[PDB]
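Reading through the structure tokens given below for one structure.
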Amino acid sequence: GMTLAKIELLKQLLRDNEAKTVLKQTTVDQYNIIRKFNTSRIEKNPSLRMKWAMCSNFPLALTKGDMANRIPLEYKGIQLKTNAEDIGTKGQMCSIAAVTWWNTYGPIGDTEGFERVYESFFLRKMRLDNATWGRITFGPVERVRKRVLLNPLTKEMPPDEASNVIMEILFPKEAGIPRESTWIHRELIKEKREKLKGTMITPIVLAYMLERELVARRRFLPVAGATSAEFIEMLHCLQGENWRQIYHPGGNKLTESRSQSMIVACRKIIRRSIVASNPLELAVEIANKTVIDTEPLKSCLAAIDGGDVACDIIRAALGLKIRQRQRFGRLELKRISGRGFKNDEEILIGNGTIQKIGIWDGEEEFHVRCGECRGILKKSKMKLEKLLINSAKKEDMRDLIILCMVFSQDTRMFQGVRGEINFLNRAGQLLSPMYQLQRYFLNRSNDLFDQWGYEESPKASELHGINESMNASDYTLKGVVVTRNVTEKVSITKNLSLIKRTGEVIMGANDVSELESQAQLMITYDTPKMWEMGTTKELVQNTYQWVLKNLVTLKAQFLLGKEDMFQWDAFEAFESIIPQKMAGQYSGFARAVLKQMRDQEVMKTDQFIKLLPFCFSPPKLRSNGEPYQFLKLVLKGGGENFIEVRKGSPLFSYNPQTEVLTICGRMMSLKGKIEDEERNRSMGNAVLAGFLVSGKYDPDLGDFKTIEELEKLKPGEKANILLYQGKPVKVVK
Amino acid sequence: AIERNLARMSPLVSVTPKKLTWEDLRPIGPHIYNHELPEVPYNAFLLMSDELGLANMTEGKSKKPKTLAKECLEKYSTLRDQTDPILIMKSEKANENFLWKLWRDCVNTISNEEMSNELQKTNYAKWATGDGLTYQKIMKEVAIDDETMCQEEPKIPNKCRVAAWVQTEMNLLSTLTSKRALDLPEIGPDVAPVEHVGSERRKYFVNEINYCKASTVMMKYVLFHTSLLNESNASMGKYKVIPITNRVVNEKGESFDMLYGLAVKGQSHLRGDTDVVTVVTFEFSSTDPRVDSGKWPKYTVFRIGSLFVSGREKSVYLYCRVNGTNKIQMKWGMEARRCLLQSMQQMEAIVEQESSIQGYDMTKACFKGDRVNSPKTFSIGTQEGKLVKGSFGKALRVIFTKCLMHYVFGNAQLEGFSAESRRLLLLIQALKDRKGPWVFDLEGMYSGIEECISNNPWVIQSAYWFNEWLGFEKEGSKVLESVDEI
Amino acid sequence: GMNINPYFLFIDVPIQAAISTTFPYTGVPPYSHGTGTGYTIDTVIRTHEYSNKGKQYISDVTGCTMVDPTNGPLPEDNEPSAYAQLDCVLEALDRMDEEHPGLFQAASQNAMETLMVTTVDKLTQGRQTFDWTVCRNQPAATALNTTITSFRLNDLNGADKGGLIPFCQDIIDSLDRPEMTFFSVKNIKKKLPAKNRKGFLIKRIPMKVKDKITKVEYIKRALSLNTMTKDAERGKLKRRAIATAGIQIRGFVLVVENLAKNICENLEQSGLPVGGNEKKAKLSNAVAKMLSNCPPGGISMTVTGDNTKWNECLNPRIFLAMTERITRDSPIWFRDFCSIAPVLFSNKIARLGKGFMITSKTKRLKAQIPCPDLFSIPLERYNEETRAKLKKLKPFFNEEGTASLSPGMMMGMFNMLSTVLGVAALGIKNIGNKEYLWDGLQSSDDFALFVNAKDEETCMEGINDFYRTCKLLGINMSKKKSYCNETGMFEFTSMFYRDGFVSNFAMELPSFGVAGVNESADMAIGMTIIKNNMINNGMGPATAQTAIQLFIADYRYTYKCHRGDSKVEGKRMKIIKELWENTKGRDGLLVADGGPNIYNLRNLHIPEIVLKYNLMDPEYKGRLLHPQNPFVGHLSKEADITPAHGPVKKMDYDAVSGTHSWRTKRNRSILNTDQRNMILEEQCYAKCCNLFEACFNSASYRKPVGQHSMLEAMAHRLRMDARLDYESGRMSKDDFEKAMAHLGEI
RNA sequence: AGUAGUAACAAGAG
RNA sequence: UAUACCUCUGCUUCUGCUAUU
RNA sequence: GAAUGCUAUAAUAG
Ligand SMILES: Nc1ccn([C@@H]2O[C@H](COP(=O)(O)OP(=O)(O)OP(=O)(O)O)[C@@H](O)[C@H]2O)c(=O)n1
Ligand SMILES: [Mg+2]
């Protein structure tokens with residue numbers, strides 16, 4: 001019977017004609033304004049004001065209540081609280097000693113439900129508690145700055161949907177208009193309501209506690225091979241710049257997160273295996289010792305039914321039934337017939353801009369599925385042909401058609417893109433155009449349907465077409481039909497190609513996705529030299545480091561045997577981050593420049609160290625016998641991943657003054673491992689293959705010759721070269 | 001329109017660019033070298049390298065600040081009993097009699113058997129704390145009528161020359177002691193190898209600083225500025241004798257209380273954060289003020305007996321100064337512990353960097369050196385115009401000290417100089433990197449740096465050190481002049 | 001001896017790598033003293049000093065001295081020029097529009113559709129706003145309330161409709177009112193009977209009296225900006241002036257900024273509004289491309305840039321043109337709505353702070369001269385520097401003690417829009433088809449221009465051109481501060497790039513201290529700062545573990561809560577020590593209860609209360625987490641519990657509601673002064689809201705919406721509650737009759 | 001005095 | 001003036017905008 | 001094999 005008291009207090013409050021007029025004039029909207037109304041100017045130096053105010057007699061303010069009165073005025077000659085009432089709380093003020101007293105000799109309150117209320121946190125603890133810590137590793141880590149989930153959620157919803165659910169749980173009456181959402185989380189509402197039922201904790205806290213575990217806290221962080229929230233929460237302990245730490249959390253891990261990471265493992269294995277002779281050998285070697293968090297890759301691939309080409313290649317390589325089962329977020333397919341050729345092309349879209357997308361060629365048939373709705377799809381290069389489906393759930397049917405329409409990449413689908421569609425992120429990062437077009441047309445469907453076109457429904461046995469509203473209609477979507485009606489032993493080549501028992505190939509390592517991405521769970525390689533699956537900068541550094549380490553031998557062996565020490569397992573890994581279409585050309589160049597130093601007396605250890613790694617890929621010379629000439633050697637990754645031939649570069653530069661080599665930021669001393677003649681010995685010689693310095697810049701020869709103009713010279717022809725700003729040199733063939 | 005406007009705009013409008021050459025980088029703040037300017041004086045709140053703590057070995061468990069200050073003097077009674085003022089140096093505008101009387105009031109009051117450390121508001125203590133020295137507020141009506149009432153000329157920091165004692169402070173504060181001060185509390189037991197690496201790595205970093213002079217000084221500065229702030233709020237309208245106390249542990253693991261001197265706190269009705277509370281410092285010191293006379297114009301010194309420093313009878317002086325602080329400086333004093341972090345981090349960065357190269361924990365390697373790697377060294381300083389190399393620990397300590405001095409001499413002058421000079425430090429690093437740097441108005445860039453250099457000792461010395469280092473770099477550059485030159 | 005030199009580290013480690021050692025952030029920040037009038041006057045003078053060659057005229061609205069530099073004579077030298085050329089500003093924006101097609105209308109759409117949804121309460125989240133009713137700064141929420149209460153008296157109820165637009169309509173309408181009337185309180189004595197000798201007691205009661213001001217006096221106050229000095233201005237010698245704006249003009253700035261934000265978010269070279277990791281990513285990606293795109297053989301050069309007098313030089317009339325050009329396809333009303341904010345700024349009036357203090361050393365007398373009475377005393381009585389300042393102020397000064405200031409933006413009022421105008425310069429890229437190409441990043445004034453050309457001599461031709469281009473937009477590049485080097489390293493918003501943005505731990509060091517919220521919070525904050533620094537600002541595990549210790553010390557000394565086993569004497573320590581002895585599970589006790597710190601690198605992110613909960617004593621946790629404890633103030637029994645409780649905010653730090661989650665007593669300086677009366681005004685609104693929250697528990701959580709009376713809402717709810725309480729059987733006939741009878745009276 | 005530094009505090013108020 | 005060797009006060013003696021959210 | 005966009009009383013930056 002709290003109702004009476006409130007009404008009785010309203011009568012008291014309404015006797016203050018000032019309060020009366022406030023209540024009568026201030027609108028329910030304006031409550032928000034007058035709630036925040038106060039005298040208190042915002043405390044700008046709280047760190048200070050606290051440190052100061054703690055030295056005062058009575059810094060704290062009690063809330064006027066029978067509990068406040070249970071605190072005594074003084075205890076054993078300690079003034080706990082005063083008579084003077086605070087301006088804010090309109091209750092007695094007290095010293096910090098009051099708290100310490102209450103926590104010691106205060107009344108013992110009922111802490112029932114606490115654990116259920118603050119479960120969110122207790123789980124956060126439970127994950128650390130039931131975790132397993134592996135080994136710390138010291139070595140380069142390329143941290144990528146990406147937007148990640150900070151705290152694991154009970155169930156993810158938009159803030160609006162989330163808030164509406166919390167209202168249904170805590171404040172039923174003041175909910176407003178019932179939304180679809182209400183029914184969608186009916187289980188969670190009842191479940192939470194039944195758990196928070198018996199609690200004395202203030203509803204406003206229970207609100208924010210639910211908000212904490214329904215609203216997504218998603219922010220940018222520097223991450224490395226760990227996106228999963230239950231990893232992100234621990235990110236501080238997971239890695240630094242120059243060290244890594246293996247950490248297995250507790251509780252549970254999602255089959256989807258297990259899958260999406262499992263792909264990256266396979267892709268990373270294949271990407272590296274491609275460079276070695278007998279890729280299958282290395283592919284198998286690594287895969288057997290590849291651990292996804294705590295779960296072996298082989299076990300994971302066996303357990304999970306799904307994944308991409310790479311997963312199937314590695315499955316075959318290990319000896320597991322390859323599942324040509326496929327996903328496109330919500331849509332999930334399985335190939336019956338066809339062969340897909342992914343060509344990157346410049347697609348114009350309805351709003352009127354040009355987006356680069358990987359378009360698939362050939363006529364293919366897939367077993368499309370979406371929830372309880374199933375279907376058979378048929379598509380050709382940027383055109384859906386025929387879509388058979390079942391009449392399951394109305395929205396599940398509605399989604400499958402939109403997913404299949406987008407998946408087909410029909411030029412009609414691209415025409416129906418009206419409004420703002422972001423392919424580029426706020427931080428200038430690439431988002432997957434197909435996975436964003438999928439995500440866009442699931443929100444705005446009526447545009448796609450109208451921008452597609454209709455036709456007469458089929459007049460067959462159990463075939464009866466459906467219109468926009470997903471009802472058995474006369475007009476159906478152009479090439480859509482609704483029906484009442486719902487492996488083979490492979491082998492894998494050493495070069496990684498899945499051949500049928502007949503001969504025709506179904507997949508190859510040339511068909512896997514080139515896009516590296518942050519694995520959801522922690523990927524570990526239980527073989528020594530795990531760095532080989534690392535990033536461009538990691539491989540680059542770990543390689544040059546291993547070159548420096550064994551420079552003593554490697555340099556000597558070079559002065560005895562010519563090509564004996566070009567073939568090294570480190571330089572193999574290093575090749576897998578070289579563009580394959582320049583790999584051979586770079587080796588062709590480098591080996592010539594190296595041999596040019598050895599034979600013509602003109603050495604340069606900093607250059608030797610720089611180029612030696614490139615000399616692994618079988619050489620690729622020009623048709624006229626001479627090698628290709630280069631200024632910079634571009635590597636896989638960002639436009640900063642390149643090695644300059646003449647100068648230094650963001651990956652590699654040498655400081656002669658200090659005799660200090662700088663690799664991806666890390667500084668190494670070449671003191672002791674340097675010849676006496678080198679200092680005065682110019683670089684001009686070890687810059688172009690079959691080219692050596694004659695004198696200094698000759699104005700008669702004119703301007704500085706380009707790579708092309710240099711390559712197109714007859715032996716014993718002079719030329720002007722620039723090594724770096726303010727070092728002109730006169731070089732001859 | 002842009003073409004049309006640029007076409008008709010005066011050629012006199014341009015960035016007037018020039019390629020930076022080493023010779024263009026002249027020394028900054030040339031006035032610091034002018035001997036005709038006064039020697040920058042010691043203007044810190046407390047003594048640092050010139051300090052002297054009286055050693056009072058405690059039971060190990062603490063007591064009241066009056067009690068320890070009493071028992072500390074009770075041991076060194078020869079000093080405490082010295083009632084005859086043997087004055088050595090006087091501050092131009094100070095009172096020998098009043099100051100000595102005040103010292104004696106402190107000693108007596110802190111020595112007595114009473115509970116209180118309150119001081120009777122005597123004519124001397126009133127002069128010392130600056131009683132009722134604030135001007136009286138009057139109406140603008142009356143103000144305007146009065147012609148003799150005027151807006152005062154802003155008082156400016158006067159120019160000063162380089163002072164050795166600044167260099168000497170760095171040198172001594174940087175060096176190793178037998179005494180650990182830091183009060184670093186407990187931590188959670190280690191589980192993750194990261195924590196085991198961190199803890200083991202701490203043992204090297206923390207100790208290397210804890211066993212250095214700067215640390216003790218920092219801790220003293222903190223623990224004083226705490227009790228001072230606590231008194232300032234609690235005992236607002238009371239003159240109080242706060243003892244300059246600090247706990248120290250020797251190699252053998254014995255807890256010694258260190259009384260460095262007695263301070264008195266004037267009325268502290270501190271409304272604003274900037275609002276000043278006059279604090280009068282009486283500090284023990286072995287340092288003879290006659291030696292570096294231009295260091296102690298702000299101080300008044302009394303010879304108060306002697307002590308055995310080892311085999312030597314060093315004469316004990318008493319440095320008496322009318323000083324002041326405010327809520328902010330007092331708070332920032334308590335937040336001076338974080339000097340450890342700024343220095344520790346910067347070197348842990350190098351440890352972790354070098355660890356990535358060698359592929360193991362290079363902590364133990366960088367300091368001492370292992371079977372594989374010899375120890376890490378750094379270009380540390382000069383010795384009759386010749387560069388000298390120092391230990392990783394030394395290099396660490398030198399920074400930790402620098403970070404303390406960043407607080408102790410922290411003001412508007414430093415903030416400016418530090419920020420503006422950073423701009424030139426980079427222009428140097430470009431010349432070092434050989435990234436042919438360009439400048440548009442170098443003079444204007446210099447003036448912004450040079451206007452900050454006034455009467456801040458750390459600024460004035462940082463200019464000297466900068467100018468010295470710049471010279472040593474400028475030399476190193478020569479090696480690169482002739483490279484790939486045929 | 002051997003003389004240490006700390007700069008000799010730079011020999012071993014390069015500047016960028018160890019930049020941390022160049023930030024003295026263990027040292028005290030600069031704070032201001034006394035008056036900001038000097039610092040304010042400087043800006044006022046300098047703004048007009050760069051516009052003086054422009055078109056000067058007298059405003060036939062305010063009656064003020066207005067100066068218009070725009071389309072003025074082009075500069076003869078490199079002294080800061082405000083003389084921007086509309087044509088060139090438009091041409092720049094046209095190129096931007098070509099480079100980013102549809103973006104202007106795409107943003108305008110969003111910015112417009114926002115405004116329509118935007119409520120009035122949006123204004124109640126802007127610290128101290130200038131209140132025209134009292135001519136002092138006040139809390140945003142109050143400064144609004146005063147204006148709404150004032151407006152109602154002039155027949156302006158647009159606020160009540162709830163949307164921002166109709167409230168904004170009332171602001172531009174309020175200018176056309178011949179007089180403006182507002183409440184301002186007056187004290188009244190009144191006999192009150194009390195157990196007293198004389199048999200009563202006199203007490204002063206507040207009374208709202210209706211003050212009036214003229215059309216002009218109001219307009220000036222509407223166009224007014226109050227001025228302070230910027231305190232804790234790091235890495236600078238001399239202080240600077242900052243400006244707070246009127247509740248009238250704060251409305252229209254939100255939308256014009258919101259418009260420029262929408263534009264910025266979708267720009268390649270915009271440093272705002274992206275921040276920290278998001279920014280570092282974007283700039284790292286930007287540098288990578290503009291680096292690699294450099295012509296082979298040609299030289300890529302980065303100009304580490306900074307513009308001088310960003311605020312003073314930029315013109316409102318240019319910002320007006322920007323909105324007009326950006327909203328070209330937007331409907332007539334929204335084109336006009338946007339146009340207001342610049343128009344207010346192009347007639348704005350700068351308040352001159354407190355004044356100047358005059359003293360006699362001989363007499364020991366000091367007195368403050370109010371800004372109105374600056375030219376009361378002969379200027380010989382002021383000091384040299386102030387004399388000149390006042391002399392130069394003279395022609396822009398107003399008798400009421402303010403300064404006309406037509407030119408200039410003033411500190412930070414239009415950051416987003418200025419960033420756009422900056423980007424617009426970077427949008428040109430080339431002049432006269434020369435052998436160079438510029439492109440950079442802009443974040444307010446702070447800019448980093450990349451120039452890819454054939455040789456550094458040509459790059460300089462490009463930079464020199466960019467400089468001349470900026471001069472036509474009112475953008476002056478600092479030749480002193482700004483510098484240039486070959487691409488690979490630069491500095492941008494104190495982010496130092498060296499083949500990749502370096503770690504600078506020193507900058508965010510101050511945040512390691514005890515935050516000053518309370519015990520329960522400052523622990524969480526303290527650990528979260530360490531946790532976050534360990535990630536973002538590259539703090540190694542040793543330094544991280546040390547940071548924990550150094551925090552725990554600061555915490556234990558601040559909240560005087562040393563280990564219960566320790567013998568540190570203290571008032572709280574006496575009871576702490578009794579708790580230490582009384583308690584069995586001592587490892588369960590929180591640090592604040594003299595408990596042991598059990599935080600390490602791994603568990604930084606778990607709340608102390610949640611960590612130890614499992615190993616607490618039942619009595620101790622029963623006390624520590626008492627549901628109805630007096631320190632926090634929960635819900636209730638219904639006596640008359642109505643304190644001045646503020647709205648429970650959603651802070652990012654993770655902490656449990658326990659006895660250590662207390663609140664400090666309010667600064668009572670207000671009890672001495674006449675402002676006293678406001679406490680009753682507060683404790684009124686408090687009573688109204690607090691009761692409303694007893695009717696609607698959802699109000700505490702989510703914003704209640706409705707243009708109807710609060711009383712109306714409260715009444716119906718209580719009626720239903722009572723009826724259904726009777727029908728259900730929670731309430732009796734006797735009580736229900738009383739309920740319907742009492743509710744009847746309303 | 002001193003703090004401090006382009007202007008303040010060195011208590012303010014009934 | 002008087003109470004007043006009393007009483008009250010210690011960011012409120014004007015602390016802004018925009019990002020990191 | 002992609003996303004999910006936000007919106008503190010601290011601190012930093014301009
Ligand atoms: N506390 C601050 C600092 C900066 N700014 C904004 O950032 C701009 C750049 O500030 P800064 O570069 O420090 O100074 P300038 O305005 O360039 O002034 P100066 O000519 O003295 O360099 C200011 O104009 C203002 O718009 C601000 O609003 N508040
Ligand atoms: Mg500037």
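Convention: chains lettered A, B, ... in structure tokens order; per-chain residue numbering from 1; ligands numbered from 1 as shown.
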
Neighbour list for residue D:1 as a PDB file with N, CA and C atoms, in the first residue's frame, cut-off 9 Å, only C-alpha atoms (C1' of nucleotides), skip fewer than 2 positions in-chain:
```pdb
ATOM      1  N   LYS B  93      66.691  40.243   3.136  1.00  0.00           N
ATOM      2  CA  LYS B  93      65.458  40.686   3.840  1.00  0.00           C
ATOM      3  C   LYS B  93      64.988  39.552   4.758  1.00  0.00           C
ATOM      4  N   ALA B  94      65.730  39.310   5.843  1.00  0.00           N
ATOM      5  CA  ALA B  94      65.421  38.311   6.894  1.00  0.00           C
ATOM      6  C   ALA B  94      65.838  38.858   8.263  1.00  0.00           C
ATOM      7  N   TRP B 127      56.125  37.563  11.914  1.00  0.00           N
ATOM      8  CA  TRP B 127      57.002  38.092  10.833  1.00  0.00           C
ATOM      9  C   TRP B 127      57.354  36.958   9.869  1.00  0.00           C
ATOM     10  N   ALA B 128      57.687  35.791  10.426  1.00  0.00           N
ATOM     11  CA  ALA B 128      58.164  34.596   9.696  1.00  0.00           C
ATOM     12  C   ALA B 128      57.066  34.069   8.768  1.00  0.00           C
ATOM     13  N   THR B 129      55.829  33.931   9.267  1.00  0.00           N
ATOM     14  CA  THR B 129      54.659  33.412   8.501  1.00  0.00           C
ATOM     15  C   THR B 129      53.979  34.545   7.722  1.00  0.00           C
ATOM     16  N   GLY B 130      54.311  35.804   8.018  1.00  0.00           N
ATOM     17  CA  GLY B 130      53.786  36.982   7.299  1.00  0.00           C
ATOM     18  C   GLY B 130      52.359  37.303   7.708  1.00  0.00           C
ATOM     19  N   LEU B 133      49.706  40.531   6.339  1.00  0.00           N
ATOM     20  CA  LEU B 133      50.523  41.251   5.325  1.00  0.00           C
ATOM     21  C   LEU B 133      49.688  41.506   4.064  1.00  0.00           C
ATOM     22  N   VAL B 322      62.281  31.381   4.748  1.00  0.00           N
ATOM     23  CA  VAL B 322      60.833  31.697   4.573  1.00  0.00           C
ATOM     24  C   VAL B 322      60.439  31.230   3.168  1.00  0.00           C
TER      25      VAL B 322
END
```

Task: Non-local contacts of residue C:642 (12 Å; only C-alpha atoms (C1' of nucleotides); under 3 positions in same chain excluded) as an MDAnalysis selection string - done: (chainID A and resid 9 13 63:65 87:91) or (chainID C and resid 633:636 638:639 645:646 682:694)

Find the nearest atom pair between each residue of chain E and chain A for residues within 8 Å, count only C-alpha atoms (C1' of nucleotides), give distances in Å to one decimal, sort rows by chain and ascending number, and present the table as CSV.
```
residue,atom,partner,partner_atom,distance
E:11,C1',A:43,CA,6.7
E:12,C1',A:41,CA,6.2
E:15,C1',A:44,CA,7.3
```

Take the selection from the previous step and output its residues with C-alpha atoms (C1' of nucleotides), as a PDB file, in the first residue's frame.
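Result written to again-v5.pdb:
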```pdb
ATOM      1  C1'   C E  11      36.835  25.228  -5.946  1.00  0.00           C
ATOM      2  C1'   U E  12      31.325  28.835  -6.364  1.00  0.00           C
ATOM      3  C1'   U E  15      36.941  27.353 -15.603  1.00  0.00           C
TER       4        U E  15
END
```

Task: 12 Å shell around ligand 2 using only C-alpha atoms (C1' of nucleotides) and all ligand atoms, listed as a list in words - done: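 Using only C-alpha atoms (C1' of nucleotides) and all ligand atoms, everything at most 12 Å from ligand 2 comes to residues 80, 236, 304, 305, 306, 307, 308, 309, 310, 311, 312, 313, 411, 443, 444, 445, 446, 447, 475, 476, 477, 478, 479, 480, 481, 482 and 493 of chain C; 14 of chain F.
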
Dump as a PDB file, in the first residue's frame, selection limited to C-alpha atoms (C1' of nucleotides):
```
ATOM      1  CA  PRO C  80      48.475  37.240 -39.814  1.00  0.00           C
ATOM      2  CA  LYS C 236      53.248  27.014 -22.716  1.00  0.00           C
ATOM      3  CA  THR C 304      54.852  19.291 -39.714  1.00  0.00           C
ATOM      4  CA  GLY C 305      52.387  22.233 -39.665  1.00  0.00           C
ATOM      5  CA  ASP C 306      50.546  24.578 -37.238  1.00  0.00           C
ATOM      6  CA  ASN C 307      48.399  27.697 -38.038  1.00  0.00           C
ATOM      7  CA  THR C 308      48.884  30.956 -35.986  1.00  0.00           C
ATOM      8  CA  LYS C 309      45.855  32.899 -34.537  1.00  0.00           C
ATOM      9  CA  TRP C 310      43.357  30.221 -35.802  1.00  0.00           C
ATOM     10  CA  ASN C 311      40.459  31.903 -33.851  1.00  0.00           C
ATOM     11  CA  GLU C 312      41.357  35.619 -34.454  1.00  0.00           C
ATOM     12  CA  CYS C 313      41.940  35.177 -38.264  1.00  0.00           C
ATOM     13  CA  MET C 411      38.394  29.779 -28.746  1.00  0.00           C
ATOM     14  CA  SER C 443      42.567  18.591 -37.068  1.00  0.00           C
ATOM     15  CA  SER C 444      41.383  22.176 -36.261  1.00  0.00           C
ATOM     16  CA  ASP C 445      44.531  24.398 -36.798  1.00  0.00           C
ATOM     17  CA  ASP C 446      46.955  21.396 -36.498  1.00  0.00           C
ATOM     18  CA  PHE C 447      47.929  20.104 -40.019  1.00  0.00           C
ATOM     19  CA  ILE C 475      44.388  30.457 -42.667  1.00  0.00           C
ATOM     20  CA  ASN C 476      47.880  31.701 -41.570  1.00  0.00           C
ATOM     21  CA  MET C 477      50.623  28.984 -41.341  1.00  0.00           C
ATOM     22  CA  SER C 478      53.083  29.580 -38.403  1.00  0.00           C
ATOM     23  CA  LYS C 479      56.524  30.024 -40.122  1.00  0.00           C
ATOM     24  CA  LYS C 480      58.051  29.936 -36.560  1.00  0.00           C
ATOM     25  CA  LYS C 481      56.406  26.673 -35.271  1.00  0.00           C
ATOM     26  CA  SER C 482      55.719  24.816 -38.613  1.00  0.00           C
ATOM     27  CA  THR C 493      48.414  16.646 -32.373  1.00  0.00           C
TER      28      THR C 493
ATOM     29  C1'   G F  14      43.966  21.064 -30.375  1.00  0.00           C
TER      30        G F  14
END
```

- [ ] Check stretch 25-211 of chain B with DSSP on the backbone and list each residue it calls alpha helix (DSSP H), as a PyMOL selection string.
- [x] chain B and resi 65-75+77-80+96-111+123-129+140-145+164-174+193-210

- [ ] Name the residues in contact with residue D:12 at a cut-off of 12 Å, using only C-alpha atoms (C1' of nucleotides), excluding same-chain residues fewer than 2 positions from it; report them as a PyMOL selection string.
- [x] (chain B and resi 134+136-137+269-272) or (chain C and resi 669+672-673) or (chain D and resi 9+14) or (chain E and resi 8-10+13)

Would you tabulate, counting only C-alpha atoms and all ligand atoms, all residues of chain B that have an atom at most 12 Å from an atom of ligand 1, showing the closest pair of atoms and their distance in Å to one decimal, sorted by chain then ascending number, as a Markdown table?
```
| residue | atom | partner | partner_atom_place_in_ligand_line | distance |
| --- | --- | --- | --- | --- |
| B:419 | CA | ligand 1 | 13 (O) | 11.7 |
| B:420 | CA | ligand 1 | 22 (O) | 11.6 |
| B:445 | CA | ligand 1 | 22 (O) | 11.8 |
| B:448 | CA | ligand 1 | 21 (O) | 10.9 |
```

Open item on the list: Would you compute the distance between atom CA of residue A:667 and atom CA of residue A:522? Give it in Å to one decimal.
Closed with: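 Computed distance, atom CA of residue A:667 to atom CA of residue A:522, equals 28.8 Å.
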